[PDB]
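Peer 1: chains from the complex, first installment, not repositioned:
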Amino acid sequence: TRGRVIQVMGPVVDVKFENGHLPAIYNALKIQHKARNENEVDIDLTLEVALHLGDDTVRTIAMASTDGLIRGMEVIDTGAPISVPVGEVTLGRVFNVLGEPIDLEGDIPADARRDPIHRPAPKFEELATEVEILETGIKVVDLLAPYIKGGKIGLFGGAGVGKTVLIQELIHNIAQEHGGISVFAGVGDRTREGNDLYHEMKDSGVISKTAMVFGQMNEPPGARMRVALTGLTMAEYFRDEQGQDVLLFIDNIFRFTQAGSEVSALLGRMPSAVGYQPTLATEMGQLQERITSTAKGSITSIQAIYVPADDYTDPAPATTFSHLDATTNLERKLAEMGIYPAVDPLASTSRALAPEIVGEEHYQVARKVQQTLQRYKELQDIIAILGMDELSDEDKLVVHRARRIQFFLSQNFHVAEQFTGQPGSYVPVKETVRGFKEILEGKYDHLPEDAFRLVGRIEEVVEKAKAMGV
Amino acid sequence: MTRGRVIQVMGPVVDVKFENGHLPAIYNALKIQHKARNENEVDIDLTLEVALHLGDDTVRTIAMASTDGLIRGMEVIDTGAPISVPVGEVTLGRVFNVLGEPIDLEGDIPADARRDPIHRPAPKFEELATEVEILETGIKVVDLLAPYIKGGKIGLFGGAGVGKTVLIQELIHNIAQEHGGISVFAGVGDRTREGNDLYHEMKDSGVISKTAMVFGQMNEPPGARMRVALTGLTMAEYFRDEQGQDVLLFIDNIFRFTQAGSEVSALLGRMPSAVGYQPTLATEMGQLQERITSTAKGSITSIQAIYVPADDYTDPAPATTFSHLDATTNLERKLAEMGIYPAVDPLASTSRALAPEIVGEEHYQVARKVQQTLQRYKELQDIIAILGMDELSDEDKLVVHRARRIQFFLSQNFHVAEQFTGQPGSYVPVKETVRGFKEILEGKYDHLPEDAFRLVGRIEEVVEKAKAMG
Amino acid sequence: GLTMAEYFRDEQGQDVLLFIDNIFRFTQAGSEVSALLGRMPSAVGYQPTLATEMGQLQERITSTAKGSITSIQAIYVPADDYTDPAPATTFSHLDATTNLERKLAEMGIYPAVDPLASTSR
């Protein structure tokens, strides 16, 4: 009971299994062939099943390029979904979508258990709703949009704003804070960044308690689509057996939505909206709903999103926005201003900025900060085109402190070691919230604004000025 | 005559197979009435309209009631004629569905009553008449500044909250009260709550036996919503043919007649066109609006409310309706925010029956001086807004004083406002309308304050109100 | 027409002047007869083979060493929209292009030539 290939149309293939032996949907298939003659080409290729057709035939998608496929090749049926090896063995390694290790360190044995990629989501009975503030050590995120365990978190931006630099600073700070497993998925990631990140994590020695999944842009669209679910199935083993908080990072899900749109067009369905497939909310929900806090522990996730043209009504961002618990917006104007990670104080929102979850002082502090920056945002054009001396002395006070606040949300970073070389550091929550209480009190208003860039404490700001001698 | 069987059900659409070759014509009617043979079945009573032939004796139909519980192989009978509405005096003062059965529990019509086909070929070019008579509605604004004419299609357009059903009741009652004009009402795609409100507002006004009513509402399948509009026409055609008298026909919303046609065309399977409408927009619209006429016996003048789909008059449905209409009245929200009622804008409202001879060169010249006065006010208040009142000389100052008198006197007091505000009402013939406005245009009456004119019937009523007020 | 101009510049070797009155109607006539021929629409109802067949014609009209052709053509933009496929494919092939715009003509300026969008090598 092995199938035979009967059409090829690029990524799509058709296989005519003998009836009585048809695979399920989302099942997996192997081609291994060695060429009989000189003209032929040796092939090792896997396919996934995507819908059934009229008689015996099944319509499938290919995870490696179909070049060299004859008609009438034998297809092996695995009888199961794409199976990913799960265990502690995967700590430190880099994998492809099918679970083979890309790095040359070694090969996972056949004897180990492997878990299916596709599994039903958490039920209504099993789910729970704990609330705890996740101390990330990033001065904007901890002050103005506090992250929470158990939940989907979102980073929205254009291109080249800091999304990957920031995701690296997260992975490093969490590896210092806890020996909690991390899984990183580069879904449709440029093969260049994969080299940068693998060597940065090997050279800072952060990789001992992490795993990595990659699918590059030069992969078929189906292989770009299924890479996020491999990362899910790995993080799910660590929660269910080890029972501890296991972060899942996804490098950009915009490529994932587009890979689904291209697969639907190859399957011959009819577009909608700006050409996205019909089943946009379904597929994305299927992914996003597994990220949860059931009774064993957590799988809190931090994801980044490309917003094509600074208009957020495009289907992929708009469909994503409902699922996310807390979202911070990255704007290129601040990144080019050289204050980092570029996150807008006014446009960032979270569920967790309420006194019952975060804390009484934290609520009063954050709302004073945002009111100060909002009053600065409406005062700059008068400052530009009337004389700056015309601003009232109370508004002049709001100006002076808004300058300091805007700079002191910048922070010196371990990931800057590659780009600029400086050491950086980590800030616990208490020191962020107190330092901003120091900023808002105003006794330190004598120290100059230039000092406040790229620092981790108000004592560091005193030191930098001290070098300047202030 | 003969008996068929059903062979497809695809929502409202049903396909039927007539074995003998004794096929039905287009727009013919077929009936299913069935009672359960086994405990598994459902009892049903169904009218089908034929809409295409499709070969091999098969016929494609659209149902006038929901198709739930239809089996395959269930039988049909052939009526032999179009859907036949009852016509006579036996349909006065009573409410029906599309099939001609009574919605009211008050009773039903006997088997002796004659029935007219709804679908009948239009009147010939020899049978029309060119003579134009003004319909004298008694509404001061409409009769002065956009005179309605017998045989004329008239359109009401306006904002979501202005007065449209209030005016349709106000015209119905005025015509029945004094002119005695027997008149028919069709509801297409309006709320069922207002269907019962209109029934009780008729009963409260006492205008009940004189009129007749048909309803097809938003719960109806699209085919029934489409054909109820033609039932109202068929009743008015009986009144101006056989009883040979003046008639008036009301349609509550014509756009949903077009929209129901687009939904049926898609179920029928014909390609969309333009902004997704059916191909046959202009002919299906035209065949209705071409039967409304003033033939040698009597007219069917009609008032219709039009909703522009997206504020876009350039859209295909409003443009195609807009080509048939002879007089248009526009109702305006920025007037209705004041005490001005009905909120009719004279500047937007137009009539192709304001011909200088037909109204009368005295009515023509008075009407043009009113319109000129309001257009000058429209620009002159922009000049006052940018420069000032004290920037304008005496005559312009008198024009603004007169324009305030004109706008307030155009408001009127009526029976529907007895429920809303409890004022008794008024009635005005056209000769009184022109007389009174002529005297206001001379301006000797300008001593009464603007507050006095707010809602009034005749200039003599203004005289009674002013002195008493103080 | 082109086959005539080709013979004179090759065999006789004179410089030749070619005028084509409106070359858009060649592509539009292709758009009419292509759907009946039996091949799916493209970006606004045009045939698939827009650029290959229009390029095939335009690449013959060339000044070889044997003898020069200068050729002056006009192209009707299907509406006042240049982003349409048939104008878009033919903007590449022309050494000097004149854009005539309606808005200037209504001001009464003739010939209505777009000063900013006129390009020549």
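Peer 2: Now that the structure is in, tell me what you want to look at. Numbering: from 1, shown residues only, chains lettered A, B, ... in the order given.

Peer 1: report the buried residues of stretch A:281-300.
Peer 2: If you call a residue buried by 16 or more other C-beta atoms under 10 Å in any protein chain shown, then stretch A:281-300 has these buried ones: A:283-284, A:287-288, A:290-294, A:297-300. Bear in mind the C-beta positions are built from the backbone N, C-alpha and C, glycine included.

Peer 1: swap that for stretch A:121-131, please
Peer 2: Of all the residues in stretch A:121-131, those buried under the rule 16+ other C-beta under 10 Å are residue A:122.

Peer 1: output that stretch as PDB, nothing but the C-alphas.
Peer 2: Extracted in PDB, the C-alpha atoms of stretch A:121-131 (Å, rounded to 0.1, in the frame of the first residue of the first chain):
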ATOM      1  CA  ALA A 121      -6.500  22.700  21.600                       C
ATOM      2  CA  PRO A 122      -6.900  23.100  25.400                       C
ATOM      3  CA  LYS A 123     -10.500  22.500  26.600                       C
ATOM      4  CA  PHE A 124     -12.800  24.800  28.700                       C
ATOM      5  CA  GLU A 125     -12.400  22.600  31.900                       C
ATOM      6  CA  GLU A 126      -8.600  22.500  31.800                       C
ATOM      7  CA  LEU A 127      -7.900  26.300  31.200                       C
ATOM      8  CA  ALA A 128      -7.000  28.600  34.000                       C
ATOM      9  CA  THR A 129      -6.600  32.400  34.500                       C
ATOM     10  CA  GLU A 130      -3.700  33.200  36.800                       C
ATOM     11  CA  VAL A 131      -2.200  36.800  36.600                       C
END
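
Peer 1: which outside residues touch that stretch?
Peer 2: Stretch A:121-131 has contacts (C-beta atoms under 8 Å, 6 or more residues apart in numbering or on different chains) with A:148, A:149, A:150, A:286, A:289, A:290, A:292, A:293, A:294, A:295, A:352, A:357.

Peer 1: what's the closest of the buried residues of stretch A:281-300 to residue B:253?
Peer 2: Nearest to residue B:253 among the buried residues of stretch A:281-300, counting by C-beta to C-beta, is residue A:284 at 38.9 Å.

Peer 1: name the helix or strand for the closest one, please.
Peer 2: Using DSSP states H and E, the element containing residue A:284 is helix A:280-289.

Peer 1: what do you get for residue A:434?
Peer 2: Using DSSP H and E, residue A:434 falls within helix A:429-441.

Peer 1: build in chain D:
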Amino acid sequence: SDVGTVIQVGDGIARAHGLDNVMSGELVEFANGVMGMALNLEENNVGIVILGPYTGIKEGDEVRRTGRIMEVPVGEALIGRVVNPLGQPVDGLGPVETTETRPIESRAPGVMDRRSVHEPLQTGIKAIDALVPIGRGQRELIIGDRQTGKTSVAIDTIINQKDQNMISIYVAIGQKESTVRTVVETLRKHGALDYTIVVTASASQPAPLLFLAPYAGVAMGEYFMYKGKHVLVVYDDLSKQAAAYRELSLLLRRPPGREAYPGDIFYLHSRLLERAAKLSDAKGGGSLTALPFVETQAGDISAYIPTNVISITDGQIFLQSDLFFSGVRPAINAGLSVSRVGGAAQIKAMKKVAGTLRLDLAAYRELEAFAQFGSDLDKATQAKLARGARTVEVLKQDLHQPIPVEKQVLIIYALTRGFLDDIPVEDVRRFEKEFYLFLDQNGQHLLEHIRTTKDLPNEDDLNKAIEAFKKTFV
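Peer 2: Chain D now in position relative to the chains above:
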């Protein structure tokens, strides 16, 4: 016969051979145990939309007919439990036994059967009850951007419905399982799950279940409407129902209409909402009022689904993203929020203070656009400043705690008659908290008066009784 074989499987759609005596809408059960509605009985191949996970089904799996039209089981047992649209529980409390079943698709009450609406539905939101009245059998639309507090207003409306016999319903359409759990626990904490049912189909569920979830929601309410008890139905979001129907239609190959929705979208929504109206005194005087919710991109209400729905409903309530992020809570805009049936159901005591409040907010909202100077005109302009400032202070509400009606009337009277005008603006809120408890202790005669009369307290002692509180406030 009854049996047939599946012979295609799409992305949740299927097609089946056999089933010759099937009928349109019949529920069909597959061998796996998921069930499907037979949408199209074409010439040989029955279209069979699958509700639930479809992966297990293969070509040649048996498919069989239940014998029944699409129906949800209902009864008195359901109240206090959480069920999926097909009517099975997800809470974990065990099986639920219901002895009656109602078709999800039915003829609504005809135009002979209905009535005018005249008895108010007290929410306990100050701004809704004061300015945008609702009544049993009204259809009312709450519209606004994401993260604007709409579900807070729904849960405030479903709590504070205790003595009034408003059997209520909450329908969760596509929602996050964590928020459905959070709301169910908030209902359980406030002692409010004795009189309400909760229905859920979540994003992991395929789109046909989302499309069916509102119809089964109203079908539960119809038992109460027939019997005679009042009802309320709340939908978490209708826009996601529109998106689920679009996906379902396009997988069935139907061509799109305007703005890539099918045109059948107006028939779908108008079918669903116009079953919500008050029955006649002959048929039991029941009710089925409904609260659709719909979301607007950028806050533009002129889009396709908003205007389509605004045509069907009898009012709109507009929630401002701009005010809500400025912190005014809950945020309601006086200019753009209004109801057509309102003005009749509202009680006589409230009618007197509601009209003055409506003019007060309408006049202050434009004047606030000019307000920041402090010295502009004499007191005539300022009085509108002073009144508008105290008005906006009084209309804010604490999160998730609903207000009682006779104290709601008495605070609006205190505001709209001017007793607050001397009271300093900074401490205006604290006045309400102290007043509610004091008025219970010292003012009970006024509460009895309103409960007796539907009318404002006897005016003679009303000032004196309010003055004693005003002195007690410090």
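
Peer 1: please reconsider the buried residues of stretch A:281-300 now that chain D is part of the model.
Peer 2: In terms of neighbour count (16+ other C-beta under 10 Å), stretch A:281-300 has its buried residues at A:281-294, A:297-300.

Peer 1: ok, residue D:360 - contacts?
Peer 2: Applying C-beta under 8 Å, 6+ apart to residue D:360 gives the contacts D:387, D:388, D:391, D:416.

Peer 1: apart from its neighbours in sequence, what residue is nearest the residue of the stretch 151-300 of chain D found nearest chain A?
Peer 2: For the stretch 151-300 of chain D and chain A, the shortest gap (C-beta to the nearest C-beta) falls at residue D:203, measuring 3.0 Å. Among residues not flanking residue D:203 along the chain, residue A:285 sits closest, at 3.0 Å (C-beta to C-beta, 6 or more residues apart in numbering or on different chains).

Peer 1: measure the one you found to chain B for me?
Peer 2: When distance is defined by C-beta to the nearest C-beta, to the nearest Å, residue A:285 is 28 Å away from chain B.

Peer 1: any chance you could map the helices in the stretch 301-450 of chain D?
Peer 2: Assigned by DSSP state H, counting those that start in this stretch, the stretch 301-450 of chain D shows helices spanning D:304-312, D:321-326, D:348-368, D:379-394, D:405-417, D:428-442, D:444-453.

Peer 1: what about the first one, near chain B?
Peer 2: Spelled out, it's helix D:304-312. Yes - residues of helix D:304-312 are located near chain B by C-beta under 8 Å from any C-beta of the partner chain, namely D:307, D:310, D:312.

Peer 1: residues of that helix that come out buried?
Peer 2: D:304, D:305, D:306, D:308, D:309, D:310, D:311, D:312.

Peer 1: how many residues are close by residue A:470?
Peer 2: Residue A:470 has 12 neighbouring residues, counting by other C-beta atoms under 10 Å in any protein chain shown.

Peer 1: who's in contact with it?
Peer 2: Applying C-beta under 8 Å, 6+ apart, we find residue A:470 in contact with A:446, A:447, A:448, A:451.

Peer 1: which ones are touching residue D:69?
Peer 2: Neighbouring residues of residue D:69 by C-beta under 8 Å, 6+ apart: B:42, B:68, B:69, D:23, D:25, D:26, D:27, D:103, D:105.

Peer 1: once you drop chain neighbours, what's closest to residue 458?
Peer 2: Let's take chain A. Spatially, and ignoring its direct neighbours in sequence, residue A:458 is nearest to residue A:435 (4.6 Å; C-beta to C-beta, 6+ apart).

Peer 1: please go with chain D instead
Peer 2: Closest to residue D:458 by C-beta to C-beta, 6+ apart is residue D:449, at 6.2 Å.

Peer 1: let's add chain E too:
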Amino acid sequence: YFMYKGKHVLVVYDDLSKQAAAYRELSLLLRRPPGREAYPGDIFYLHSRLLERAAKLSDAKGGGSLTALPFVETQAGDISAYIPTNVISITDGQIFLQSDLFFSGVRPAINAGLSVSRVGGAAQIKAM
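Peer 2: So that you can see how it sits with the rest, here is chain E on the chains above:
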């Protein structure tokens, strides 16, 4: 018939835009794929096959004539739309009649800058 015999003629078509709409409706009742604004490309050939039978024959043929005045309806003055420009390519001039002047009391008004005749001078008498 009259022009070939030798007499003059004049034709008015009361609206050609309804002819285009009727062709669209027929073409889509057939299974022909739409183009701009759902109009098939055949719309240029239809109108061109209509309008260039109008002529001024020469003495060898018999000197007859057949001037034709077609009409087209613009929606909100959109002379830049498909069917207006389609027909404007075929005809030897245009007259554009303006609503803005007409409802400002100028009954009738012609928009000078939009309306041109390509046979000017030849047609006029010398005094003109």
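
Peer 1: check the neighbour count of residue A:470 one more time with chain E there.
Peer 2: Count around residue A:470 with other C-beta under 10 Å applied: 12.

Peer 1: gap between the helix holding residue A:284 and the chain center?
Peer 2: Here the centre of helix A:280-289 is set off from its chain's centre by 15 Å, with C-alpha atoms, centre = their mean, to the nearest Å.

Peer 1: before we move on, the earlier item: now do the helix holding residue A:434 against helix A:360-377, angle only.
Peer 2: 50 degrees (axes from the mean of the first three to the mean of the last three C-alpha atoms, to 10 degrees).

Peer 1: and the next helix or strand past the helix or strand hosting residue D:63?
Peer 2: Secondary structure assigned from DSSP H and E places residue D:63 in strand D:62-69. As assigned by DSSP H and E, the chain's next helix or strand after strand D:62-69 is strand D:71-74.

Peer 1: contacts for that following strand, please.
Peer 2: The contact list for strand D:71-74, computed with C-beta under 8 Å, 6+ apart, reads D:27, D:85-87, D:98, D:100-104, D:216, D:219-220, D:223.

Peer 1: let's go with 6 Å and repeat that
Peer 2: Strand D:71-74 has contacts (C-beta atoms under 6 Å, 6 or more residues apart in numbering or on different chains) with D:87, D:98, D:100, D:101, D:102, D:103, D:104, D:216, D:219, D:220, D:223.

Peer 1: restricting to C-alpha, output the strand holding residue D:63 in CSV.
Peer 2: Taking C-alpha atoms only, strand D:62-69 is exported to CSV below (Å, rounded to 0.1, in the frame of the first residue of the first chain):
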residue,chain,number,x,y,z
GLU,D,62,-20.5,6.2,6.4
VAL,D,63,-22.7,9.2,6.9
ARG,D,64,-26.3,8.8,8.3
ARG,D,65,-29.3,11.0,8.9
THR,D,66,-30.8,11.9,12.4
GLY,D,67,-34.3,12.2,11.1
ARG,D,68,-34.8,15.8,12.3
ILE,D,69,-34.5,19.4,11.2
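
Peer 1: buried residues of that strand, list them for me.
Peer 2: Going by neighbour count (16+ other C-beta under 10 Å), the buried part of strand D:62-69 is D:63, D:65, D:69.

Peer 1: list the contacts of the helix holding residue A:284.
Peer 2: Residues outside helix A:280-289 that contact it (C-beta under 6 Å, 6+ apart) are A:121, A:152, A:228, A:260, A:315, A:319, A:323, D:203, D:204, D:243.

Peer 1: could you redo the last one with a cut-off of 8 Å?
Peer 2: With C-beta under 8 Å, 6+ apart as the criterion, helix A:280-289 contacts A:121-122, A:152, A:228-229, A:232, A:253, A:256-257, A:260, A:272-273, A:315-316, A:319-320, A:323, D:174, D:176-177, D:202-204, D:206-207, D:240, D:243-244, D:247.
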